[PDB]
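Student: sequence unknown, structure follows:
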Ligand SMILES: [Mg+2]
Ligand SMILES: [Mg+2]
Ligand SMILES: [Mg+2]
């Protein structure tokens, strides 16, 4: 998104459709090399503490597509918008709305014309594909094939036996001490070839491998299955009363008003209070392991704070395996050391900061000649292009 | 044909509105989404002077010469300019269209906001920066527009080159025919001499083509009159140069020694005391901008510029 | 990558130059990141396996969960050229060659039929559309079983081991240069020197395959210069007298146009399209000191040319969509490239005859030659015979100098584009 006329057109529609918010990207929590984790629960909550945020929420992150529900008083009038600034116009409107009336009946609607509500639409199926490519099933198969050979085969067995041979064993012990220059002097060219190769052959943990290989097929059976839309709402962003008067809710505790799921709410005051309450909190998220769940997110109780991020995601080991591939655990030290959320976190922060300014524009005033709205959007869009260049696995 | 050789010109967009009407906020989105556009803004020129708002008549007058110098420099470069209107008062708004209409297809966008939504973002603005606009100065502006809004359509007004038709002063044709020629930089190429210390002018070079105009004009009824802004003190290195090149002439007029006024106004004074009423000037040959402007604009005579002035 | 070589030949392993007794039949060599293991499973079966660690066949820079290492045709190219190099020898050399340890020749031993099974192969391309594999058409021992999307298992069969190995290698090199691998595609500047002979080491390979390889895998005109003789020779022993050229057909075309017309007269560009011919005459080296006239009957070009105009065309263009708006009366050179066949023949005659009426110096008309379409895989299409009769019909009485020539690769004297240069 950098051609001027397409942006110009994109923004025009955002205005016409009366969109009044725009989701942020969410960073993983900081890694903890210390704890051997690439997105660390600990390091995520601690980050919040040291930045002066001590009242925080930990909701459960669900596998679904993000949508902002524009929940009008008259419920027929309700629409949805996406992760980007797009009215979700396809999809069955009666199927949606029925799924939406559970929620709608949790509120009193006296002189309240509209509530804007952050929600996940379920499953990823209904909306986008999200994690399914025409080339995701391909990755998944290639590894399956490679395993169902390696189990059926002479190969591993033979190799392990060469690895016991006295000829080989001495050589390998010499190669620790000799300077290649030196072992070219001692061993013949073809011995160096054969024996270094068999030494450096990557053996695979074939059970742990094959098991990971179907963490991947579970994801592919959900996608291509029958599903009716189904919402899990998690934040009230803003209420438009019928006066014209708006309430910028700014409380991630509005979750409980609209979601009966379990979640965590903590008051810390002092950092070694946190240090003390942590092991319980870990014990709790440790339970967030189901097929439903990407993992958990850490949001601060106040939904918007200056310079603070909207949340930290902390994805559980199984979902990470889908993101990173079947060799993940086997490549963990590598991947952890390569991980860098700085800059994902900077966009996560700016994005949320824009949204606040967008939300602050009155619903009343949303329109094709609100050039402060249009500016705030172009702002967001530019920063969409910036953040799109980051590590795709964040 | 002519119908199909058509030329295109830079756009100037003028933003007409009360303070608070979202003039800026539009330009910010405009110059980011449209393509060949630069903004000019008066307040920013103020900030350069470290004043926050409305300053001395001194600064303010000068800032205008800057704004106009800037809008035009940009416009000449085939670059589009977006600028805030200076007011809403019809005649300054007209003054703008005069100034810039030689140069661009003008267009207008009006920011017509109701009086109290104009205060409700002027008092949410005036919490932002230091500035302030009362509920007086906003309304001289809001209604001022509603009146000049009524007696002028903010219609696009395509580039106007108005060709002041070249009309010369009316001369008594019975008088003798004559041509008038400058010395310094015209018939005499001073060539590294001091402009003002003309004591060594007998070793200047001859602008050969001008000479061949005087040498041709005197081959007819034309009297060849030389009018130099050189001091009369230096009159004898001067008619030393002239004879040297057989540039015979009927009349050499020179600047009073120790005069020192701008060389146009002494030449104009020279022209009226010594040439007008006594000659018929066919055309004049001068070099210096200031002086050719004098001849052409103040006295309406034909003046052929020989080389570049602007000094 | 998993390769299984099958043959009930008794001396199969000897032909692979792999010995079943050394280290349990195992033959190991690192290949990139990167272990390639050969496995004498029997006297009648060899299993090549590739175990990567990371990023051996797709750059880390892309963000894909990455699987090229398990299926890319390149790994196959590599397996061949490490493990089976002698199997990829020149056709003649190979057969009259001795096998060590047997006092017999390959022509004496490689005489049992052979089967290579590729467990998984990536073919992201037009040549693998709807379970249909392009080379299956031209090589019928090619046997595809789709897996998913852009992936399939292969089965390759031959009289010889040599025939099968050399066919598997042909599959790899063609699948690799037709494949699209993403933003990080890239064909190395040593690829063409390495694998070019593959195309010549099995018989009855179609011309268009060589076309692709030159166009997609050869990077310089002098890398090309050394492979051209090799190719021409190959087709000479298949009946066909082919003359390959490096450049695209379009562009051999453009080079020609610019060469002949020169820079001396203003250009009249009929059917100017996206004006690629305009931006060429404006290479600064050329010093074009004239206006440049252009028509497209389609007034969608109309708005585009009329988008420059934006001050960008500085500024000798005059587009016109109405022929009554062209009044330039001085001589022009006039370009009629690949447009007389994007409308009616009767409509063609009308346009051409008009152009011959206009005040011109040189005109070049360009149309496809249909005798060439038979070597591949818009309104009408003419043979050179048809086309010369069209020009003869349009020139008639007049005293012009008309010269023909073909443009592009030349197969049995026929090229893909044909052209005339009409001269006053
Ligand atoms: Mg720490
Ligand atoms: Mg959630
Ligand atoms: Mg002068």
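Tutor: Thanks, I have it. Residues are numbered from 1 along each chain as shown, chains lettered A, B, ... in the order given. Ligands and ions are numbered 1, 2, ... in the order given.

Student: could you use CA atoms for every contact and neighbour count after this?
Tutor: Noted.

Student: what residues does the stretch 51-200 of chain A have near chain C?
Tutor: Counting by C-alpha under 8 Å from any C-alpha of the partner chain, the positions of the stretch 51-200 of chain A adjacent to chain C are A:134-135, A:137-139, A:142-143, A:145-146, A:154-155, A:158-159, A:162, A:193-195, A:197-198, A:200.

Student: C-terminal to the host helix or strand of residue C:280, what's the next element?
Tutor: Using DSSP states H and E, residue C:280 maps to helix C:276-281. Next helix or strand after helix C:276-281 toward the C-terminus (DSSP H and E): strand C:292-295.

Student: chain center to that next one, what's the gap?
Tutor: Relative to its parent chain, strand C:292-295 has a centroid offset of 33 Å by C-alpha atoms, centre = their mean, to the nearest Å.

Student: any residue of that strand up close to chain B?
Tutor: No. Using C-alpha under 8 Å from any C-alpha, strand C:292-295 stays clear of chain B, with a minimum separation of 12.8 Å.

Student: give me the contacts around that strand.
Tutor: Contacts with strand C:292-295, where a contact means C-alpha atoms under 8 Å, 6 or more residues apart in numbering or on different chains, come from C:266-272, C:278, C:316-321.

Student: confirm that residue C:147 sits in a strand.
Tutor: Yes. With DSSP: H, G, I helix; E, B strand; the rest coil as the criterion, residue C:147 is assigned to a strand.

Student: what about it, how many neighbours?
Tutor: Neighbours of residue C:147 under the rule other C-alpha atoms under 10 Å in any protein chain shown: 18.

Student: so it touches residue C:154, yeah?
Tutor: No. With contact defined as C-alpha atoms under 8 Å, residue C:147 does not reach residue C:154; the gap is 10.0 Å.

Student: next, show the common contact partners of these two.
Tutor: Going by C-alpha under 8 Å, 6+ apart, residues that sit against residue C:147 and also against residue C:154 are residue C:120.

Student: let me see the ranges of the helices in the stretch 201-350 of chain A.
Tutor: Per DSSP state H, counting those that start in this stretch, the stretch 201-350 of chain A carries helices over the ranges A:206-223, A:255-258, A:271-285, A:317-324, A:332-338, A:344-360.

Student: now residue A:363, nearest residue through space, not along the chain?
Tutor: Nearest residue to residue A:363, sequence neighbours excluded (C-alpha to C-alpha, 6 or more residues apart in numbering or on different chains): residue A:20, at 6.7 Å.

Student: just confirm that neighbour is within a helix.
Tutor: No. Per three-state DSSP, residue A:20 lies outside any helix segment and is coil.

Student: got the contact list for whichever strand or helix holds residue B:68?
Tutor: Using DSSP H and E, residue B:68 falls within helix B:57-76. The contact list for helix B:57-76 (C-alpha under 8 Å, 6+ apart) reads B:10, B:38, B:40-42, B:45-46, B:54, B:80-81, B:99-100, B:103-104.

Student: ok, and the most crowded of the contacts of strand C:292-295?
Tutor: residue C:267 (26 neighbours).

Student: from residue C:342, how far out is that residue?
Tutor: As defined by C-alpha to C-alpha, to the nearest Å, residue C:267 lies at a distance of 21 Å from residue C:342.

Student: how about the residues of the stretch 201-311 of chain B that lie near ligand 3?
Tutor: Neighbours of ligand 3 within the stretch 201-311 of chain B, by C-alpha under 5 Å from the ion: B:287, B:288.

Student: strands along the stretch 201-311 of chain B, start to end?
Tutor: Using DSSP state E, counting those that start in this stretch, the strands found in the stretch 201-311 of chain B span residues B:205-206, B:223-231, B:251-255, B:280-286, B:303-305.

Student: buried set for the fourth one?
Tutor: What that stands for is strand B:280-286. For strand B:280-286, the neighbour count (16 or more other C-alpha atoms under 10 Å in any protein chain shown) marks B:280, B:281, B:282, B:284, B:285, B:286 as buried.
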